[PDB]
Amino acid sequence: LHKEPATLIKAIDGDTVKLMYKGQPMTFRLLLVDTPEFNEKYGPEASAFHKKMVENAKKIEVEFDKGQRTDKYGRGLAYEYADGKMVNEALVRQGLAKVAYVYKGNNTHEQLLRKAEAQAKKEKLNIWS
Ligand SMILES: Cc1cn([C@H]2C[C@H](OP(=O)(O)O)[C@@H](COP(=O)(O)O)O2)c(=O)[nH]c1=O
Ligand SMILES: [Ca+2]
């Protein structure tokens, strides 16, 4: 897998964001995770966390997996990195997302994310409190 450049257009919520990629505005949905919706418990905090992580970054990158790159809603499916740190893994590690939506052929970072989830759960963080 390869990291590709993108720039932030706008924060949306815990697991979606508007980025510019190859010079086109796209909504990205983060692979392998599920954040609560904004109206649900920990939704606000998931949104804030994702927002902060990407607004503070100097360099956003997106990494596509081996499978489909866009979902049925036209959202880009990627791992997102903020100054080299994966946003998908960070949300899970903080108990602000669950590992989810693990489809065959787009699951390269499954086990990395599951390890983060086990550690968030041990610590009783947020969703696991
Ligand atoms: C993360 C992800 C979601 N989706 C689709 C599945 C779900 O369809 P449904 O809309 O039919 O429930 C939806 C979940 O996204 P959200 O959690 O953003 O709603 O997005 C994919 O198709 N591929 C993916 O990798
Ligand atoms: Ca969601």
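Residues numbered from 1 in each chain as written, not as in the entry; some residues may be left out. Chains lettered and ligands numbered in written order. Heavy atoms only, no water.

- What the entry reports as its method is X-ray crystallography, with 1.8000 Å given for the resolution.

### Considering the site of ligand 1
Inference 1: Taken together, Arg29, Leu31, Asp34, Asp71, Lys72, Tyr73, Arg75, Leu77, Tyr101 and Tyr103 make up the full set of residues adjacent to ligand 1.
Inference 2: In this structure, an oxygen atom belonging to ligand 1 sits 2.5 Å away from a side-chain N or O atom of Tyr73.
Inference 3: Under a 2 Å grid-point criterion requiring more than half of the atoms, the pocket assigned to ligand 1 is the largest pocket.
Inference 4: Taken together, the residues of the shell around ligand 1 sort by class into 5 nonpolar, no polar and 5 charged. (Near = heavy atom within 4 Å. Polar contact = N/O pair within 3.5 Å; in protein donor to acceptor, adjacent residues only side chain to side chain. 1 Å grid on protein atoms, 1.4 Å probe; cavity = no way out; pocket = protein on both sides within 12 Å on 5 of 7 lines; lining within 4 Å. Sits in = over half its atoms within 2 Å of the grid points. Nonpolar A, V, L, I, M, F, W, Y, C, P; charged D, E, K, R; others polar.)

### Details of the coordination of the calcium ion (ligand 2)
Inference 1: The protein atoms that coordinate the calcium ion (ligand 2) are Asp15 (OD), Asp34 (OD), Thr35 (O) and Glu37 (OE), at distances of 2.8 to 3.0 Å.
Inference 2: Along the chain, the residues donating to the calcium ion (ligand 2) fall in the pattern D-x18-D-T-x1-E. Of this pair, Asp15 sits in the loop between β1 (3-11) and β2 (16-21) while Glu37 sits in the loop between β4 (33-34) and α1 (43-55), placing them 22 residues apart in sequence. (Donors = N, O, S within 2.8 Å, 3.2 Å for Na, K, Ca; no water. Helix = DSSP H or I, 4+ residues; strand = E, 2+ residues; numbered from the N terminus.)

### Describing the UniProt feature "active site" in the protein
Inference 1: The positions that UniProt labels "active site" are, in the present scheme, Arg29, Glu37 and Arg75. Lining residues of the largest pocket drawn from the annotated list: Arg29, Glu37 and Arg75.
Inference 2: Overall, the relative accessible area of 8% leaves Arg29 in the buried class.
Inference 3: Each residue touching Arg29, except ones within four places of it in the same chain, is listed here: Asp15, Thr16, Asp34, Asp71, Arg75, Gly76, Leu77, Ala78 and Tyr101.
Inference 4: Within polar-contact distance, the side chain of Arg29 engages the side chain of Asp15 at 3.2 Å.
Inference 5: Tracing the chain through its elements places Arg75 in the loop between β5 (60-63) and β6 (76-82). (UniProt positions renumbered as here; feature names shortened; annotations may be inferred. Buried < 20%, exposed > 50% of the residue type's maximum accessible area, 1.4 Å probe, protein only. Contact = heavy atoms within 4.5 Å.)

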